[PDB]
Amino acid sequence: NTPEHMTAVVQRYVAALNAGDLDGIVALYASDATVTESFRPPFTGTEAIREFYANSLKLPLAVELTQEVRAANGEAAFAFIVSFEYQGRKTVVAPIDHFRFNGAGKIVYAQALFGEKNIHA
């Protein structure tokens, strides 16, 4: 996994969330990938990951990187914002994500870390 590829994957992830391209998001993940979101138990496998992002995309998510991606030794991490409006109220969440890649270049472990203080009205 080159740093260029892992960085491009982060970009394609951010772009697929923006397009609502659920297939495009899921295609980045290994069939047995595990995703850990703050405040929930982890979920594993294509079906669960697709269901998480489908429910997430019920919101009009606008996403963008806020710093350069960090990529080395089969892993990447990135800082970003997700903005949405729901029932007329605007929220911006600022996580840090971490992706771990398998030899085939697919995400096999992903984490989103965010707290109360990173959820802004």
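Start at 1 and count along the sequence shown; that's the residue number.
- Mean CA temperature factor is higher for 85-93 when stretches 85-93 and 33-41 are set side by side in the entry.
- Look at the C-alpha B-factors of 56-64 and of 75-83. On average they run higher in 56-64.
- Listed residues 113, 16, 10, 110 were ranked by CA B-factor as deposited; 16 comes out on top.
- Among all modelled residues in this chain, the alpha-carbon of residue 26 has a temperature factor (C-alpha) in the highest third.
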